[PDB]
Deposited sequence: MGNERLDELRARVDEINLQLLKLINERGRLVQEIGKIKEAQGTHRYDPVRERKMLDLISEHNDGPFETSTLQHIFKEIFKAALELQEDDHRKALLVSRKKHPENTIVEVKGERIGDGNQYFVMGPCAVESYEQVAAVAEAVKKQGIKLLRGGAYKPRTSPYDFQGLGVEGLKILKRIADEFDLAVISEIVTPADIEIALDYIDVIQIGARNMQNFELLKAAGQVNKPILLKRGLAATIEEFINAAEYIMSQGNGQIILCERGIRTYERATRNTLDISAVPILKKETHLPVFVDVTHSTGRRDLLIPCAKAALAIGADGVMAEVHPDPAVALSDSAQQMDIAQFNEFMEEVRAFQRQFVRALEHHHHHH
């Protein structure tokens, strides 16, 4: 039975959106032409006098529904864009044979921080036995308290490369400054951007410019819109090898470190066609939730799950209470293995 009149009103709106689309772009072309003319004379692209003059035209005789302040905002967005302009199936990221976003489901495992060769070695052996190809380790660790461990740094990356080769593993690590992006290309297989750096644009650029998979974590308090925009930044600069990781978001809830937002996954999968992972360790911040949340994450259709393993977590240098020991890790794997 339905609503004939709502549909037709919406039809009309759509039909207007296309008319708008066409005009904005013809406007675009004209703007390009103008830039060429201006730039030839060596005249600045941005003209606030000209903008004000155009806004005055828009503002005259406004008896449409909107406030004038509002219209000007709309038209201002248009002029911004004009200025900036003067100057679909699923993405796959192969890393060492893993075709992430193949539709299959991958696991990343390894210690929070890299602390020694023998440390990481211990883990690598254990994970390889679990048929995991993707290992992750913190060569650099972003550090909120004053007695936190910053990372071994390059010595870290060396250790990972060593392990990578030795054990036939793809190895993943966070990098924290544009300088170090370049350096890491030689040691690691995927570069991670931590959540605190989701809006470190310098770094994003830097990563946008290499031939390397990027693992971009969603910010502590980032909207999805924002997260997407950060990814599009990397891509817009050449690098389309991007994996998104949900890792929880910050809420009033104290039972959990962060609040895991599984809704994000299908949404991100739908709106970008990048693969999306979930970090069960840093979202919950709780050993007891790791397994359940992994399942959840698989069910909902994440491309992979990421968690942290360390041979003696009680003495680790980061995340003592969050990491799985190797026993805990094997139990964990048996149980999501049985997610069949």
Checklist line | Unmodelled ranges, which are counted on the deposited sequence from position 1 and given in order | finding: 88-101, 355-368
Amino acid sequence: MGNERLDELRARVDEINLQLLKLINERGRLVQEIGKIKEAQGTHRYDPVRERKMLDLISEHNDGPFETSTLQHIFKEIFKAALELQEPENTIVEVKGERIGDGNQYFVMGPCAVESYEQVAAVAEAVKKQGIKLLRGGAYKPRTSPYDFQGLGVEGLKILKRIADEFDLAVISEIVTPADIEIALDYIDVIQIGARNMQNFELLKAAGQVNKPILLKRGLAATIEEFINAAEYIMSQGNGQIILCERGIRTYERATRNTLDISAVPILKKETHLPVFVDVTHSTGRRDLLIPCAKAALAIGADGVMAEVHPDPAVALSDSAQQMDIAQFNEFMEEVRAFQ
From here on, numbers count along this sequence of modelled residues.
Next item on the list: Return whichever of 185-193 and 138-146 has the greater mean Cα B factor according to the PDB record.
Entry: 138-146
Checklist line | Mean temperature factor over C-alpha atoms, higher-scoring stretch between 147-155 and 258-266 | finding: 147-155
Checklist line | Highest-ranked of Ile249, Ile214, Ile224, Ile92 once sorted by CA temperature factor in the record | finding: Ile92
Checklist line | CA B-factor placement of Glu253, once the chain's modelled residues are sorted into thirds | finding: middle
Check: By the record's CA B-factor, is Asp288 among the lowest, middle or highest third of residues in the chain?
Finding: middle
Next item on the list: State the tercile, meaning the lowest, middle or highest third, of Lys80 with respect to the CA B-factors recorded for its chain.
Entry: middle
Item checked: Cα B factor band for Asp279 (lowest, middle or highest third within the chain) -> lowest
Notebook entry, point to check: Which third of the chain does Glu115 land in by C-alpha B-factor: lowest, middle or highest?
Noted result: middle
